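Notes to accompany the following structure.
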Amino acid sequence: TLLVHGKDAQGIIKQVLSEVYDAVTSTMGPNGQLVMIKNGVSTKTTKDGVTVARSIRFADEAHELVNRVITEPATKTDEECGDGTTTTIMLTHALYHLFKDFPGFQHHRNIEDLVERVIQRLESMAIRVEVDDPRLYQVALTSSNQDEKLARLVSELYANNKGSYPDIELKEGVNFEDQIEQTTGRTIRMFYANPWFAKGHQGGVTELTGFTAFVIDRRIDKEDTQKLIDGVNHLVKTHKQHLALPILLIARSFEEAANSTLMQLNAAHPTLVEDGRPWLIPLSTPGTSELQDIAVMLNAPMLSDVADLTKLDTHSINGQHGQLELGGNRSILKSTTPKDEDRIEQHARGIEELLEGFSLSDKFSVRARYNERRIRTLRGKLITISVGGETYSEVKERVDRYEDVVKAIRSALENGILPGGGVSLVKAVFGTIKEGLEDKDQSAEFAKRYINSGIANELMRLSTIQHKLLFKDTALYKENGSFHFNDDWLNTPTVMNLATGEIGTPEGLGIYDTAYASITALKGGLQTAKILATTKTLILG
Amino acid sequence: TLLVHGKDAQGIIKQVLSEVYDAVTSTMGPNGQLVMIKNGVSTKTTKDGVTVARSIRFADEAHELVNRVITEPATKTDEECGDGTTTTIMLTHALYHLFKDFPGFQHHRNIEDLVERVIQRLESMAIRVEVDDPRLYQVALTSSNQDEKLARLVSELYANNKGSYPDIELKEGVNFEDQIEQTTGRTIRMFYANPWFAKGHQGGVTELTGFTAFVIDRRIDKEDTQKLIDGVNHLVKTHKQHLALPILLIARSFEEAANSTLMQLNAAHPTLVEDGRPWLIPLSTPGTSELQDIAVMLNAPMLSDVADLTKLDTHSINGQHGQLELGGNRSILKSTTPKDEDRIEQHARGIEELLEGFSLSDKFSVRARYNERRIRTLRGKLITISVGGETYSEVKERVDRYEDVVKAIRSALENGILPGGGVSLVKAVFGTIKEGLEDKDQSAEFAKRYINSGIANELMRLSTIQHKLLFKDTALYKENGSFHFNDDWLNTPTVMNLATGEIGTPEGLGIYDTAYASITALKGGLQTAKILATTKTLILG
Amino acid sequence: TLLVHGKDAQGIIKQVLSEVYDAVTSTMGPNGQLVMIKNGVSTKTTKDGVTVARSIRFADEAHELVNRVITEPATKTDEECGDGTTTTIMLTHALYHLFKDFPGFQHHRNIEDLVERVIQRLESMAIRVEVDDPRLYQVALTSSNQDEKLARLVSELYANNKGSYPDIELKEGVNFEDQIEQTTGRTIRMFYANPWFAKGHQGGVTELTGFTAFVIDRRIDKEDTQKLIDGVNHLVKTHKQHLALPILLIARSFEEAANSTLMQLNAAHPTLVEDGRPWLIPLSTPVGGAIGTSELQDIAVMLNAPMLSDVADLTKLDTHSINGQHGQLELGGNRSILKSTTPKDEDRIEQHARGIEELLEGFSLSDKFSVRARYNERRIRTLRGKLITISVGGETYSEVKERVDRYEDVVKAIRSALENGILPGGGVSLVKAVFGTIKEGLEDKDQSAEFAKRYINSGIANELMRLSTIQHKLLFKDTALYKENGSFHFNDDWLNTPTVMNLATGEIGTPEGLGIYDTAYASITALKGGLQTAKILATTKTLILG
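Protein chains in written order, with the numbering used here: chain S, 5 to 545; chain Y, 5 to 545; chain L, 2 to 547.
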């Protein structure tokens, strides 16, 4: 195949990045255009930044090779958070032109360094919103495409449950009206290894009022078949007196070689079978410390090896008499005694204490957010909303609109809130320039690198891009050719509510963004911009 | 694949909308042309708007992509009502030009708001015609191609049965004269799960003079096989004294796993078999509240779970001694005692009271119309007319002529009536402009948005389009180049009867349209127009 | 696929109609050209209008789409009557040019009404020929392509059998000479409801020497399944002593719901099965309407069957009502054929035939030419008709099968001649009908004011006169009628004594004098069908190829 080198590769990169920019940006604003996507023999018409980005294709192999670098990192890998895909592609294009404008390795190490200081300001500027705070409604109203009914309902659900963070699931209903099902119960990530072990022997929903759980770490296959026979028969023979059925063997993965062995082990002792219910259930989980949470909830001992089942005692074995609901998708706990809740809360505090002693940068990392996900599983309530409507298509669309509201409010309380309308980036850039210039200690170095170079000024012009796209062709850009920011506008910003038609501050009107989305957009935008600027060779072979 | 953006996309959209408009509109009027459609190795030649719309194809993928947005929403999704597809494509084309003529987001929100107020006028102008009202004869006389005998008979059939909406079936008779068979009986949506349960064990028409029905909600499969054995044997053993055979188990769906179980349960008690007839029949229905109607008709209790069959009493169990005719397509009730009719009428009033307390906009929704479909099932009589004539061909043609009359009268009473000839839309536009301008409170704002802009004036020109296509090349457009409306014509409109050849008022001559068709054409025309106007991107990958 | 709209659609339609017109019309006349058709690896050379029409193809889809509207209605649907396909295409082309010349919906509604009044004159002009009348020979001579031997033989077969109308079948013989087989046997319109009930259980030709028929009036479906079980088991149990198998249940229509029930009823009594033959056969008749009711009454009289209104009437029966015949019957998928009829039965049939004849004797002269009288005559002909089987011979194999087809054309012509009527040939009857209709409307002083405005002043009347001449022109151009001047023109005097030319002899005279006639049904249907297809082609503006 062909090999592209020199001015031609940098020629292709520029063209692809241009075409992707135009298609994704036109979506934004009050004059937001619509994109018409073909799928098979149907037509889907939308204005969703992610969906447009996911679906752009090119004919040439060279063009497509580049296209998988600008979209796909914020498209295929980004499965957890859908929002902030429009923004990342936007900043990539912006910062790419900054790198082309100040060439050479010495400038690049200065650009990368200033942008890194701006990121530190945005991480500081984040407003940590509380559960009771009414600002959640404004975030809910914006994310729901100006829904008055939905934004009221979801905001109330979090506000009424002051003390516990509600986990919300969605199902396609039957009626025209919506129906809410609130439950005081914990959701676990464990599920059936094989459908045979459930009630009715066909993957049903087995309800229990007593159990004895055991958490194994290893992935179980044909090699552990003998260790299970030695393990299970040890407890059934020796330690039967202090044992509440059924015995739950929670692990990472159960292969079909091991599942077939444990089916026969149930048949070996037919005396312990009560109303069809098998007395031994293998349970898989899709992350070592998630099983530690599973162990604490059900008073189960943590075991490394399968052969450790033999060496056990009354001190290690603890059979619970609560209430559990096993399932093919997930298991649900319900009845938790005051003695058990003391153990769970003590374990939850242990995770919280670890988060208290980390740096400010690591609080926004995957480490801290996973540890917060551990806490919420250990202390959470389940709510099931069945969404309704007039047709079939109107229901499933309303389901997606609910899911966007939930994702927005969850991340709002979790991560933070920043002034919307392309304002938080402008405040951060103008803040960091002023801070470095005003600080008389490093003012000599700061002026040489950024100010006198023209990097500082060029970076100010970039932050404006989002505010421009949002509020062009409106009454802000009416007085002159283009609106320009000053020192006063940083203290009291200026936007426009497109629904109402009024001018004010984002704090006054109520326009906000999720902090994690806007920060990741700048981090990811910087990395992808740098790669594109510094590529000189395309290999198609 | 290719990606179309900019002036090309709006260029493609403009062309496809043009070609579809020409092909569908040429059908309308006295000089109504004809379209010649190919299907396999034959030729269908028709002037049916829907059929033309359904069958238009394009060679290019870009062109076909857009074609699925203009035709297919009023073609593939519109299965309940065939009429009002020509009108919807007509208004789409009209309103698309209005959006291109007043560009920018600020104008668009004004257009959408004025058109919305026109819709509120048509919904108010609609004559909800009553059963006893003699205007049905005028609709019947128009639809039957000026039949004096047929329009009288069918109108009398509806008028004499004041209180019940008659369901009409048609059969090819034997005599010269027609013969009418009136029956005071209801049609139900239930039918056989398996052909074995019928008379003769091969899906026959089982006639009964007594039964004991039970309505289950759940979909029944292999999981409910044990619950049926426990349920059926409980009633047959304990509550046999107050039980009239056969026992009807009405539900949502019966799978083959459950049907085979209930076949064996019939064989378990051979003493209760009378003349071959199985004493237990499963009955499926293709909408939770439709089973509630089924429950009320047959004095059956509503049951959520299959296991609820065990916990039952003489208070809950009620065996009827009427007359029922079970069938593979549908079941038909006949003998209803005065005690039962009191229960049905009371339940029907409960549905009517719910409709009384809704908003005016929701009366034309799917919610209200489904609830009216519930009422008509609960209070509906079956009539069988056997159509006769001189030959064989004259009979089957007269059968079709009867069917068009029934379709017309049903839709007239159900939906509403409006003055035809493209007049009701002109009266609506000219009414709404006058109301807003005359109202001195909002006259200042109304003039700025609509009148001074030229929106109001341009909207008046669009309402004329249908009246133009219908009565061009005739004696209305004879005196001058083009006919123009005035203030006086709104009080006494002017059309032309194409059959007779006379000039008068639609009220005088007798030209009418169904209200739901004309309203939904404007609503659907507005949405599709807006989308086409605001699209800038076509993705073919 | 592509979409054709506007002036291009009307452009294609005009071209395809032109090519089909040229290919089919060239067949007609004394200078009648010949068409050479390719079929597989052989060559068929013919001057037959229908066969030319069926075989014309086009390459472009748009062209073939239009071609299926001009040919196929008078080609694929027209199975009963082959003749009058050349005539139908001819008039389509003519009336198409008329609709183009006077455009607009107001003109069109006037054209359709005038042509309708021409049709009414042709139906009035039809001469109802009698069996003994020698004119049938002239019709036979023209239809046989001037055969002296065949036209004599077939005309004699109808003339000698004065009283009974002969049904003629044709078979490929062995000898050089022809052989005639006359049989006293009737043809009935009943046939199998389902192929299972026949001999071999696959729609075969079941031959019987005894039966017990029962004629039901109603159309039978799923509603009558219980009434059949009660009915059949009543006769099989109670009245088995006076019952000759099989039991024939003749009715209007048997639906598949009822047929499946009667299959099981045969299986219920396996003792009465003889050599595979099912003892119960449902039999349908394609009639419909209250005119159609009385054809089943003929079916009832032939087989000594009782007339029954309802299916439930099968229960209340007795030895007086039930009558099992011991004749001979041949059941079939197309039609059933009776053969052996005892002198006792023939007395009942002739008495019933006289009852229909007496009804025709006491009606007015105008009503004798109506649908009522002609249908009642069709009843008589079925009740008194004989079966004749002619085995056609010749020198080779190909000469035999060609002569078979030439026989079939003569039979079809003479049948329809006696049935429908006779009109003066040579494109004379259409000219007489048009010139009659114009003169009648103009001379009638009551409606003369309106008639002049719509037709005469418009130039429609005069343009319609020019069209009726088209057939006469094609037939007698390049001959001594069109010799004195450039073109022959009709006058007032020629309507009283028309002028043609016998192409065989070479003489000038009147069609009545020389002996040139057409079947009335063919000429009427050509005008009706030509008008409908012409209207469609003129008013089409769009072609969808997807």
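Note that beta-carbon positions come from the ideal geometry of N, C-alpha and C, so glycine has one too.
Selected residue, minimal CA-CA separation from residue i, among the options
i	options	result
residue 428 of chain L	L:359, L:525, L:363 and L:379	L:525
residue 322 of chain Y	Y:407, Y:247, Y:371 and Y:296	Y:247
residue 95 of chain Y	Y:26, Y:80 and Y:145	Y:26
residue 301 of chain S	S:340, S:293, S:280 and S:212	S:340
residue 420 of chain S	S:379, S:485, S:353 and S:139	S:139
residue 49 of chain L	L:373, L:357, L:442 and L:36	L:36
residue 268 of chain S	S:230, S:294, S:299 and S:295	S:230
residue 319 of chain S	S:375, S:309 and S:243	S:243
residue 311 of chain Y	Y:227, Y:194 and Y:452	Y:227
residue 255 of chain Y	Y:220, Y:236 and Y:393	Y:220
Secondary structure of residue i, DSSP reduced to three states
i	result
residue 193 of chain L	strand
residue 101 of chain Y	helix
residue 15 of chain Y	helix
residue 25 of chain S	helix
residue 222 of chain S	coil
residue 491 of chain L	coil
Residue i: contacting residues in chain Y (beta-carbon distance under 8 Å)
i	result
residue 290 of chain L	178, 180, 392, 393, 394, 395, 396, 398 and 399
residue 35 of chain S	108 and 109
residue 70 of chain L	40, 47 and 49
Proximity test, Cβ basis, 9 Å: residue i and chain Y
i	result
residue 17 of chain S	no
residue 30 of chain S	yes
residue 550 of chain L	The requested residue 550 of chain L is not part of the displayed model; chain L covers only 2 to 547.
residue 226 of chain L	yes
residue 293 of chain L	yes
residue 287 of chain L	yes
Cβ distance (whole Å) where residue i is taken to contact residue j below 8 Å
i	j	result
residue 61 of chain Y	residue 547 of chain L	3 Å
residue 496 of chain L	residue 433 of chain L	6 Å
residue 209 of chain Y	residue 331 of chain Y	6 Å
residue 388 of chain Y	residue 289 of chain L	Wrong, their Cβ atoms sit about 19 Å apart, outside the cutoff.
Proximal chain S residues relative to residue i, where beta-carbon distance stays under 8 Å
i	result
residue 535 of chain Y	38 and 49
Cutoff 9 Å: residue i Cβ touching any chain L Cβ
i	result
residue 53 of chain Y	no
residue 404 of chain Y	no
residue 508 of chain Y	no
residue 384 of chain Y	no
Contacts of residue i in chain Y (Cβ-Cβ under 7 Å)
i	result
residue 218 of chain L	178
residue 6 of chain L	26 and 27
7 Å Cβ cut-off: residues of chain S touching residue i
i	result
residue 243 of chain Y	In chain order: nothing, as chain S lies at least about 26 Å away.
residue 513 of chain Y	Here the premise fails: no neighbours, minimum Cβ distance about 37 Å.
Contact list for residue i against chain S, beta-carbon separation under 9 Å
i	result
residue 5 of chain Y	42, 61, 62 and 63
residue 370 of chain Y	180, 394 and 395
Partner residues on chain A for residue i, Cβ-Cβ distance less than 7 Å
i	result
residue 204 of chain S	Going by chain labels, chain A is absent from the structure shown, which instead holds the protein chains S, Y and L.
Beta carbon proximity, residue i to chain S, threshold 9 Å
i	result
residue 545 of chain Y	yes
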